[PDB]
Every structure is written in C-alpha cells, then in structure tokens.
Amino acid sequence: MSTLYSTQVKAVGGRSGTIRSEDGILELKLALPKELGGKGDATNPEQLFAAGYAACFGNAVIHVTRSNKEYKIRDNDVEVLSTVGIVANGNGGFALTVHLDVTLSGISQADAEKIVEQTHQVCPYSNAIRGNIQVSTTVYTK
C-alpha cells in the first residue's frame, strides 16, 4: 500500500532544545521536567507521545464505533487520557510505559469494551508498540 500522509519534524538540541515541523504548523521549545533535573517550562518527548497516542486512539475509537453501525456518536463523545512514563530497564537503559483511560459517552459497558479492544488493532500507535510496551487500558462509560 502507498503512504496516505507523511510529515517531517526537525529536532535540535535534544530534550532541552526545539522541535519544528517543516510546514511550520508544529513549533515549540522543550524542557526537561523537574523530575529529571529541569525546570518544566515546556513540553517533552513523553508528553508529545502521550498526546499523539491519545488522539490517534480516540479517533480510531470513533472510527470503529461508526463502522459497527449501532451507535449514534459525535466526535466529542470519545475521550482518551493517556499516562506515559519512562522507567529504567536493563543496565542504565530507559523504557516507556503507557496506560490508556478511554471514556465513551452514550455506549453500554460491554459494547465500549469490545469497541476499545477492536481499536487496538486499528490505531497505528498500538500496532507500532505491541510486544515492546505492554499497554494497559481501562474503559469507562458516562
């Protein structure tokens, strides 16, 4: 299959530097959080990953709910709260952890759990990290 969309982002200076997409849409400074000896003035790779994952997955949730043909939902009926952490692995190394809190409005609990299970096969983030990060997921309805 051919690539549906591609984008480029330039990062200079590591976790204390800057990032800027080539189209200028995304441009912001980075800072080490206080937990890693920084100020926390600005975002960080974990925050950026958390945001992109939560947004991909929520969109895939909408996409799966609508392909199942049962529920009437609008986009804002889906909320994903991602928790992204960085832990120590091996000797001195670092690994990521991900937990997803998925809240669906106007859907039964069993259907929401089945929907969320389905979207893990859809969102490219989940497919990207399967087996390396053991993603945990809790499904809420409201």
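Numbers for residues come from their place in the sequence shown, where the first is 1.
Enquirer: On mean Cα temperature factor in this entry, is 52 to 60 or 23 to 31 the higher one?
Expert: The deposited B-factors put 23 to 31 ahead on the C-alpha mean.
Enquirer: Which has the higher mean CA temperature factor in the PDB entry, 95 to 103 or 41 to 49?
Expert: Here the higher of the two C-alpha B-factor means belongs to 41 to 49.
Enquirer: Have a look at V116, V78, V84, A88 and flag the one whose Cα has the highest B-factor in the entry.
Expert: Highest C-alpha B-factor among the listed options: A88.
Enquirer: If I read the C-alpha B-factors straight from the PDB entry, which of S2, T7, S136, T141 is highest?
Expert: Largest recorded C-alpha B-factor: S2.
Enquirer: Relative to the other modelled residues in the chain, which third contains the C-alpha temperature factor of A110: lowest, middle or highest?
Expert: Middle third.
Enquirer: Using the B-factors in the PDB entry, rank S16's C-alpha atom against the chain and give the third, lowest, middle or highest.
Expert: Its C-alpha B-factor belongs to the highest third of this chain's values.
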